[PDB]
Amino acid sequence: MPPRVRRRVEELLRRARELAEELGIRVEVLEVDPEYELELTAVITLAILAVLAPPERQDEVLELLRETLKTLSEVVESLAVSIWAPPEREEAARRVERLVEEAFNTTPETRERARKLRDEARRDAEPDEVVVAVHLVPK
C-alpha cells in the first residue's frame, strides 16, 4: 500500500520484464487478486524468470526477487510460493523456494493452499511450463 513500496515494486517489476524479453522468456499472470496485482505480478514474474533464466543469469533475477521480497516484507505478513518446474529446471525452482522461505518462513498451510492453485493451473499448463502460485496476507 505505501506509495514508496508500489514505486519500488513497479520498478523491480519493470526490470523483471526487461530481463524476461532480453532472455526471451514469456510470463503470463493467469490470475491475481486485483487488490494485490502488482505485488503478486512481481513475485510471479521474478519467480518464473528465475526458474527459466540461464544459470549464469539467474543470480541477477534471484537478486531482483530478493529485493522485491524485502520491500514486500513491509506490506506482506507472510508469503507462500508453490512451483512446478520441468526436470531440467528443478534446482532453479528450489533456489526460489529457499529465497522466499528465508524472507518469509513458508509454513505448511499456506504452502499447500498455494500448491492447490498451482495444481489448478497445472491442469491447463503445458508439460514444459513453469507454474508459480503465490499466496500473501497483507499487513
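Sequential numbering from 1, following the sequence displayed.
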Query raised in the report: Per the PDB record, is the mean Cα temperature factor higher over 30-38 or over 103-111?
Result: 103-111
Query raised in the report: So 81-89 or 46-54, which one's hotter by mean CA B-factor in the entry?
Result: 81-89
Report summary line: From 75, 69, 61, 96, the top C-alpha temperature factor is at 75
Query raised in the report: Quick one: which of 130, 121, 13, 23 has the biggest Cα B-factor according to the entry?
Result: 23
Requested in this report: Could you look up the Cα B-factor of residue 137 in the entry and say which third of the chain it sits in: lowest, middle or highest?
Outcome: highest
